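Heads up, the chain below is alone and in the form deposited in one PDB entry; it's given as structure tokens.
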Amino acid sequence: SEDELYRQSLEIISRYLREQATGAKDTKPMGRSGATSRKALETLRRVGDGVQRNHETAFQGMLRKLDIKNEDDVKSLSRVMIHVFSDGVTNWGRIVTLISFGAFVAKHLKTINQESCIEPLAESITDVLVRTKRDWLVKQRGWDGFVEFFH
């Protein structure tokens, strides 16, 4: 507790992954910094859906290489994301791609009756993002900078 960037990041990524997987939109209000979290999630529905639709073939190719089947295969994805995501350049384009790929995997997890793995997947993405890019996210004004960037 007393890490608002982490709390706000978890809220936005977890809601996106669950909405993408199930189709149900959460009507429950956002916590502290509501305006920003709603806009961020609206941005993700536009830009995130756009990445998955536009690059379906590349996403399907990667999903098949990673061969996700169960909780163990999801736990394994964290190491891949550190290597693929964290060890590349940092920009909102790559951040949206990571979260979009999470949504792509979450839809995959729903289709194989592995919904229980969607929350850990969301936790793992948020940890990779916030733990490895903390100072960059702060410099870029966090989720307010994300919304302004993709306006």
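Rigid core here is just the name for the largest C-alpha set that superposes within 1.5 Å across the two forms. Note that residue numbering begins at 1 and tracks the sequence as displayed.
Taking only CA atoms, the mean B-factor in the PDB entry is higher for 28-36 than for the other of 28-36 and 42-50.
With 66-74 and 103-111 compared on mean CA B-factor from the PDB entry, the stretch scoring higher is 66-74. By the numbers in the PDB entry, the CA B factor is greatest at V89 among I95, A58, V89, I118. The deposited CA B-factor of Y6 belongs to the lowest third of values across its chain.
Unshown form deposited in another entry; subsequent notes refer to it.
Taking the core as reference between this form and the one not shown, the lone member of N91, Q60, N70, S116 whose Cα moves by 2 Å or more is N70.
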